[PDB]
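In listed order, ligands and their atoms are each counted from 1. Note that the numbering runs from 1 along the sequence shown for the chain. Because only heavy atoms are used, hydrogens play no part in the values below, and waters and symmetry mates are left out as well, while side chains stay in.
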Amino acid sequence: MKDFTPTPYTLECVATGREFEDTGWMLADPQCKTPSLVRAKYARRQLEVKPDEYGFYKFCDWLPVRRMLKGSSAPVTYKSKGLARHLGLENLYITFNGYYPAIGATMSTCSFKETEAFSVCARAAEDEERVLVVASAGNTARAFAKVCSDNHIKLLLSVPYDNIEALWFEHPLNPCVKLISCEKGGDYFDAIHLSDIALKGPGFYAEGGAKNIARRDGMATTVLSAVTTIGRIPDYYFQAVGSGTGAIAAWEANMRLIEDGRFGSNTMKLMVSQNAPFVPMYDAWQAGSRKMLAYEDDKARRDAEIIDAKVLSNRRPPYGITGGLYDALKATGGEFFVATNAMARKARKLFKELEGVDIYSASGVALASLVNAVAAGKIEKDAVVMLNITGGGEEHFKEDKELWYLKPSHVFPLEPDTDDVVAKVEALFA
Ligand SMILES: Cc1ncc(COP(=O)(O)O)c(/C=N/[C@@H](COP(=O)(O)O)C(=O)O)c1O
């Protein structure tokens, strides 16, 4: 840890501005009735990037961390040559989160959710005796499983049975990581609901999803990487969204950077995207509603089965909560896009051909939205554009590797019995 001290911060309730000390894992302001995110106010007002040996923690001034964990990697930002020329753009930057050693990208789990894992796990008390509970569509689960296994952190994952192929590892994991799943046909929110049932057990505590400032501020290191590389704040931020937490985080990073002052005073326009036919946040945004629209549960689950990008389908995202995605899009003058599977597949091929690495379908959704925005005349050719490639390099990383898969200890019906779930998860760690 050489010259490290725990990051100093307080919390602010976004709805009221009330400022208070984090007593430990606060996910909300107990004094605020309306649903609201809380947001860190960092005492280190101006960011000082630490040396490369800090890995992901080089951004620790604006991460709510009490220690550093070994073996982390930061996002990498570089100026595009091939893709930029294809799109006619003069100032296209790619922030790459995954495995691409030729550019210095060494996130071995192959997605930006590694930033969440290293941030959240370093916020946790090392003497913590409760089991951390995380729900995920796959990539967050893989990152947390690896970090928690390596660090002997007790972790209960809830992942849809249909998504467990995402839970691959180079070597067997420590038994301190256990998995439960909702049955086949269930979607990400079904796994979230299952995790809420498990959390009724004493001895378990919620990671909290978008409510966890460590998750948001970890993802925001993509923007911190881009701004400190470029030397100014981009005009546009492109990211594919399921919950929207990474776009909320990008906005929050932008606000902190403006307060720092050294990088300019402009606000990046958020350009977010979903994969048709699972586009409920797009639909709510285009309607002008801060509330998610009616969406029959069975139709939503079927739509989640159709999309290529299985991580972009949350029926109950942080859209309307104060500080959530509606507020972020309003504050940034943002826009919402849809990509079909066909567009995402074209984008994956385009990125591999012109930039030299494979990317996930979710990242292809983001790139497809950039292709479409450029074709629509929305992006001036000199604009500074940040394309957040949220996952990639899995094909290269897996080559000539024998993988081990984390499989569920229990699979539960979509509406499970509470006493059954609680007894079973208690026995997993007893
Ligand atoms: C490669 C990739 N790109 C984009 C996203 C969307 O992230 P968001 O900003 O939080 O919606 C994801 C989200 N993955 C999540 C779905 O998580 P989420 O709770 O929506 O943040 C998962 O792995 O559990 C992703 O894996």
Aromatic plane relationship, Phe278 with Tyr295 - under 30° parallel, 30 to 60° tilted, over 60° perpendicular: tilted
All N/O donor-acceptor pairs, side-chain side in residues 239-247, below 3.5 Å, sequence neighbours left out:
| from | atom 1 | to | atom 2 | distance (Å) |
| --- | --- | --- | --- | --- |
| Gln239 | OE1 | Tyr237 | OH | 2.6 |
| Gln239 | OE1 | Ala247 | N | 3.4 |
| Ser243 | OG | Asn314 | ND2 | 2.9 |

For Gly324 and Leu37, the nearest pair of non-hydrogen atoms, with its separation, is N-CD1, 4.2 Å
Using a strict cut-off of under 4.0 Å between a residue heavy atom and any atom of ligand 1, list the qualifying protein residues by chain and number. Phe112, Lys113, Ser136, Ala137, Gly138, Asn139, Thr140, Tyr188, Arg215, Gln239, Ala240, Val241, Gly242, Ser243, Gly244, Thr245, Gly246, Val311, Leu312, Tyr360, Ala362, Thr390
Would you say that more than 12 heavy atoms from the other residues, nucleotides or ligands in this model lie under 6.0 Å from the NZ of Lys79, or not? yes
Measure from the ring center of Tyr360 to the ring center of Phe112 and say whether it is less than 6.0 Å. no
Do the ring planes of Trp168 and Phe397 sit parallel (below 30°), tilted (30 to 60°) or perpendicular (above 60°)? tilted
